[PDB]
Structures are given as C-alpha cells and as structure tokens.
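Colleague: Before I ask anything, here is the structure I am working with.
Protein chains: 2
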Amino acid sequence: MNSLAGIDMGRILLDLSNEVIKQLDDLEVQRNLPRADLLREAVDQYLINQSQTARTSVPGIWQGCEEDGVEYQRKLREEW
Amino acid sequence: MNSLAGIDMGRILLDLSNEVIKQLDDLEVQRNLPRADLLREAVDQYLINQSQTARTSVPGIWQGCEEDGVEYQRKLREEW
C-alpha cells in the first residue's frame with residue numbers, strides 16, 4: 001500500500017550517531033521543520049557548492065614523462 | 201570514550217529525486233569513495249555552516265525540554 005507522496009522520487013537510508021540526532025533536532029526546533037527537509041537542502045546545497053566554477057582550479061599534472069630519443073651519444077657524453 | 205566503533209547508529213531515510221541518485225553517483229564514482237562518507241560530510245558541513253551563532257552556549261539544564269531521557273536497560277536481556 002505504497003501511496004508514495006512524492007512522484008518519481010527514490011529513498012535512501014542514512015546512518016548517523018545519536019549525538020548527531022540531537023544536533024539535527026535542535027536545528028529542527030528552531031526551523032520547526034522535519035529532518036528530511038533539512039537533509040534534502042543539505043545535499044542540494046552541497047552539489048551547488050561542488051559544481052559552480054572551474055576557472056579557479058587548474059588541470060592536474062600530466063606530461064607522460066620518459067620521452068624517447070636517438071639514444072646515440074656516449075663516447076664523450078660525460079664532462080661535456 | 202568507554203567504547204567506540206560499536207554498532208548503534210540511528211537510521212534515517214532521505215527522499216531525493218531519482219535524477220539525484222545519478223548526480224551522487226557521478227560524485228561518488230569520480231571521487232572513488234563510499235557514498236556514506238559523502239553524506240556524512242554533507243550533513244556535518246551543513247551543521248558547521250549553520251553554526252555561526254556559537255556564542256559559547258551552555259545551559260545549566262543541559263537540554264531537558266525535549267525527552268526526559270529515560271531508557272530501560274540495566275537488567276533486561278540481550279542474548280549471551
């Protein structure tokens with residue numbers, strides 16, 4: 001008998017310590033809203049912060065290193 | 201701490217929007233780490249940001265307005 005209040009909306013389980021529940025409760029009291037509502041906003045906010053700009057950041061380290069060559073020297077290679 | 205790494209974390213259900221599960225996947229995959237870790241930091245990060253009122257609060261009652269704090273243990277039974 002799953003009426004599903006939300007359409008096309010999934011659900012996930014969250015594991016948090018009891019001490020955390022107390023923290024959320026305090027936030028819920030002041031906001032007078034359910035945790036689920038707070039959690040949803042937390043994620044949405046997280047994604048927004050994660051994805052917003054990329055100009056500030058710069059490409060990692062990439063060059064391949066170890067390049068090939070003629071490999072024909074020796075002789076007086078040293079001290080030269 | 202008397203004990204840690206124990207199992208007794210409260211379970212909480214989070215409702216998202218399908219397409220959200222995918223968004224998280226990209227972050228979880230790209231970063232190559234457990235989602236639970238991503239969520240944990242998500243909430244914690246939210247709590248930290250929503251903690252600008254930290255004016256050194258410390259009620260004498262130590263929070264007692266909600267839940268008197270009672271549980272049946274001591275004796276009881278939990279297999280042995």
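Sequences listed follow chains A and B, in order. The entry's author numbering puts the first residue of the first sequence at 1, with every later residue one more than the last. The entry's author numbering puts the first residue of the second sequence at 201, with every later residue one more than the last. Backbone N, C-alpha and C fix where the C-beta goes; we use that ideal spot for every residue, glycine too.
For the stretch 25 to 48 of chain A, which residues have a CB atom closer than 9 Å to at least one CB atom of chain B, in sequence order?
Modeller: Taking 9 Å as the Cβ-Cβ cut-off against chain B, the residues of the stretch 25 to 48 of chain A that qualify are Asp-25, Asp-26, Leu-27, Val-29, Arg-35, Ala-36, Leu-38, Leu-39, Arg-40, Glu-41, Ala-42, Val-43, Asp-44, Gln-45, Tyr-46, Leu-47.
Colleague: Report, in whole angstroms, the separation of the C-beta atoms of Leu-13 of chain A and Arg-211 of chain B, which I expect to be a contact under 8 Å.
Modeller: Correct: roughly 6 Å between the Cβ atoms.
Colleague: How far does the beta strand (DSSP E) with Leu-13 of chain A in it extend, from its first residue to its last?
Modeller: That run of the beta strand (DSSP E) goes 11 to 16.
Colleague: At 8 Å on the CB atoms, spell out the chain A contacts of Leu-214 of chain B, in chain order.
Modeller: The answer, in chain order, is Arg-11, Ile-12, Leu-13, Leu-14, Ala-36, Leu-39, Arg-40, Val-43.
Colleague: For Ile-21 of chain A, which residues in chain B fall below 9 Å Cβ to Cβ?
Modeller: Those are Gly-210, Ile-212, listed as they occur along chain B.
Colleague: Applying a beta-carbon distance threshold of less than 8 Å, which residues of chain B neighbour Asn-18 of chain A?
Modeller: Simply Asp-208, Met-209, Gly-210.
Colleague: Just to confirm the assignment, what range does the alpha helix (DSSP H) spanning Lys-222 of chain B have?
Modeller: Looking at the DSSP string, the run of the alpha helix (DSSP H) that includes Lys-222 of chain B is 219 to 231.
Colleague: Taking only three categories from DSSP, how would you classify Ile-261 of chain B?
Modeller: In the structure shown, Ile-261 of chain B sits in coil (DSSP, three-state: anything other than H, G, I, E or B).
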